[PDB]
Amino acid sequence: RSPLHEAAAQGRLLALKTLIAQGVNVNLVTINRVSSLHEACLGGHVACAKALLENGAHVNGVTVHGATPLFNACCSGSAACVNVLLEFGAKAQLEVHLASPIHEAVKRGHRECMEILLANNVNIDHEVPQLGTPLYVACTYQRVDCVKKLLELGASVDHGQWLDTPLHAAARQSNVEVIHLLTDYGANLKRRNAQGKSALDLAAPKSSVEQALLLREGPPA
């Protein structure tokens, strides 16, 4: 790990540009194949990221753990970083063995980063194995604004993590607004998951979430 890595991690633009000017290797990576660009993006430091990109940093570089600069930018929640990476040719949706930027953005409630990725043609219903769709992640982590936006953009309401629907995920949490939003957008309140459980079955007894499900569930057909 180099001085450039550290300047990038800290968001120390003047030090970073000074080091670049001296001729240090912009693309030097650690044993985990982490570049200075990876560290700038993880810190959400857009000016440092752009300076590195201007000097030939690899916009689609992959760490040993499958992280790209774009994934790291989605960890930080810096929309500015996401934009500059995409400007320099970052791939928005990645192959299966690489960490998914949009799913991390949604998990952390970074709605603007999510919208930018969707605007750059990431599949709104992209189901990462065992993680689920963006809507499923949003429901798992009680990201109300992300849930609302995804539904409005046409996310498949029942598409989650194989048989676990977004409503099943929401039922395990404590957010009532998410329950009504899913229901309003046509969620199937009756269907059962891989454990044979309905959303109502999953809700905590006497909880507000359970109450919401009870109030929205139609009568026996």
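Position 1 is the first residue in the sequence shown; the rest follow in order.
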90 to 98 versus 70 to 78 - greater average Cα B-factor per the deposited record: 90 to 98
Do the CA atoms of 5 to 13 or those of 20 to 28 have the higher mean B-factor in the entry? 20 to 28
For the listed 167, 47, 41, 64, which has the peak Cα B-factor recorded in the PDB entry? 64
Which third, lowest, middle or highest, does the CA B-factor of residue 177 fall in along this chain? lowest
Going by the entry, which third of its chain does the Cα temperature factor of residue 142 land in? lowest
When the deposited Cα B-factors of this chain's modelled residues are ordered and cut into thirds, is residue 116 in the lowest, the middle or the highest one? middle
Please place residue 171 in the lowest, middle or highest third of its chain according to the CA B-factor in the PDB entry. lowest
Entry-reported C-alpha B-factor of residue 122 relative to its chain, by third, is middle
